[PDB]
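**Q** Experimental coordinates follow, after the sequence.
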Amino acid sequence: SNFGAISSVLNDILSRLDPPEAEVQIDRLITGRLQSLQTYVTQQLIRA
Amino acid sequence: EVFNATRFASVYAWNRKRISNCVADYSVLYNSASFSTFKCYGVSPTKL
């Protein structure tokens, strides 16, 4: 998923963008993906 | 033939010619009268 970042392949940003913008984009991936873990981790804790 | 072409089509209907199946010439693009602006929006320009 894009999560609003330009692309979901983590290194296809880095080719496109000079890092300081990637550093802004890769957030929306991290922030996206990270959150997506907790939502998964929780659902395990609850199910567990 | 692209950057050395005599005339270009006007900006209302612009020249589209295919560049294909070939070894990118950007190694030779260095020496010239150069350019008013040189820009890559979706890549780092060193990646050509």
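**A** Looks like it came in fine. Residues are numbered from 1 along each chain as shown, chains lettered A, B, ... in the order given.

**Q** rest of the way, CA atoms for contacts and neighbours
**A** Noted.

**Q** give the contact list for the residue most central in space within chain A.
**A** Chain A has residue A:29 as the residue nearest its centroid, 2.0 Å off, counting by CA atoms, centre = their mean. Residue A:29 is in contact with A:2, A:3, A:4, A:5, A:8, A:10, counting by CA atoms under 8 Å, 6 or more residues apart in numbering or on different chains.

**Q** Could I have the PyMOL command that selects the buried members from the residues you listed?
**A** The PyMOL selection below is limited to those of these classed as buried (16 or more other CA atoms under 10 Å in any protein chain shown):
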select buried, chain A and resi 3+5+8+10
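
**Q** ok, which pair from the contacts of residue A:29 is furthest apart?
**A** A:4 and A:10 (12.8 Å; CA to CA).

**Q** and the residue of chain A nearest chain B?
**A** Nearest to chain B, among the residues of chain A, is residue A:16, at 3.8 Å (CA to the nearest CA).

**Q** residue ranges of the helices in chain A, please?
**A** A:10-16, A:19-47 (DSSP state H).

**Q** Who are the packing partners of the first one?
**A** Put plainly, it is helix A:10-16. If you count contacts as 3 or more CA pairs under 8 Å, 6 or more residues apart in numbering or on different chains; DSSP states H and E, helix A:10-16 packs onto helix A:19-47.
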